[PDB]
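One chain is shown next in structure tokens, namely the form deposited without adenosine monophosphate (AMP).
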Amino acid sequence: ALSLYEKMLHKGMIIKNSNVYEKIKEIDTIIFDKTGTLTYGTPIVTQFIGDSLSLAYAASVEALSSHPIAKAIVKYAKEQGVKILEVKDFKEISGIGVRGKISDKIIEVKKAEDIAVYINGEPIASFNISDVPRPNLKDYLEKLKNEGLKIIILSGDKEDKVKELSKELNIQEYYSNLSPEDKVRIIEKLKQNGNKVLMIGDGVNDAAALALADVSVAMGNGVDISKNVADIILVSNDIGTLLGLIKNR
């Protein structure tokens, strides 16, 4: 008929080396790296404080970045109606901040305090940003009873945010404010403790954790340009189906 390999692609998953087909059979622990899996890979502005002119300055600078956070700020500014302006002496450092010069001012957009806007050293405005939760869940309650799989949520996000998403999906065990190395460190303790771990991630800030898991699943719409290392690629980015595959055991 078709090669196994051709069947799977037809259901929206790319398989590595077929050692995975026998390696799933035995997993008892399913781990979700929250960003891009339980949520879209796409942030949105939820609040802005300051005047319209500060808004424009901040959007003009973020327009030169390719970061998801930047993209979301330029999109929000355009929906309010402001237009993009001339920026000079641009300078970037991914996930920390960005700088540039307009009308002889120096403007800065950074975090570590969500986001703050600065004009000539003065902190004058701010942004508050979050991510959009996906739909489903049933496939969740399913696998909690099915095989009696344990289910864990990991994230680099703040404690109050991971908690709230945990209540809504009804998951007891979660960990917040994790670096990429912390994540590696959690997967280790589970393996030493005799657990068999399946983990699902988007590739950003977690390539090392995924390489460690007994079976790894990567998102397609996540720029896996160079995280092409995972046992399974959910090319469709339909999480239900994998949840469906784990259900057939």
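Numbering starts at 1 and follows the sequence shown.
The following text describes the form solved in complex with adenosine monophosphate (AMP), which does not appear among the structures shown.
Transferring adenosine monophosphate (AMP) from its position in the bound PDB entry by superimposing the surrounding C-alpha atoms places at least three ligand atoms within 2.4 angstroms of backbone or C-beta atoms of the displayed chain; the site is blocked. Looking at 59-67, 188-196, 207-215, 23-31, the stretch with residues near adenosine monophosphate (AMP) in the bound PDB entry, meaning non-hydrogen atoms within 4.5 angstroms, turns out to be 59-67. Proximity of residue 141 to adenosine monophosphate (AMP) in the bound PDB entry falls outside the 4.5 Å heavy atom cutoff.
For the chain shown alone, residue 111 is a contact residue for adenosine monophosphate (AMP) in the bound PDB entry, at least one non-hydrogen atom being within 4.5 angstroms.
In the bound PDB entry, adenosine monophosphate (AMP) lies within 4.5 Å of some heavy atom of residue 115.
Proximity of residue 100 to adenosine monophosphate (AMP) in the bound PDB entry: non-hydrogen atoms within 4.5 Å are absent; the residue sits far from the partner. Checking 148, 121, 95, 81 for any heavy atom within 4.5 Å of adenosine monophosphate (AMP) in the bound PDB entry turns up a single hit: 95.
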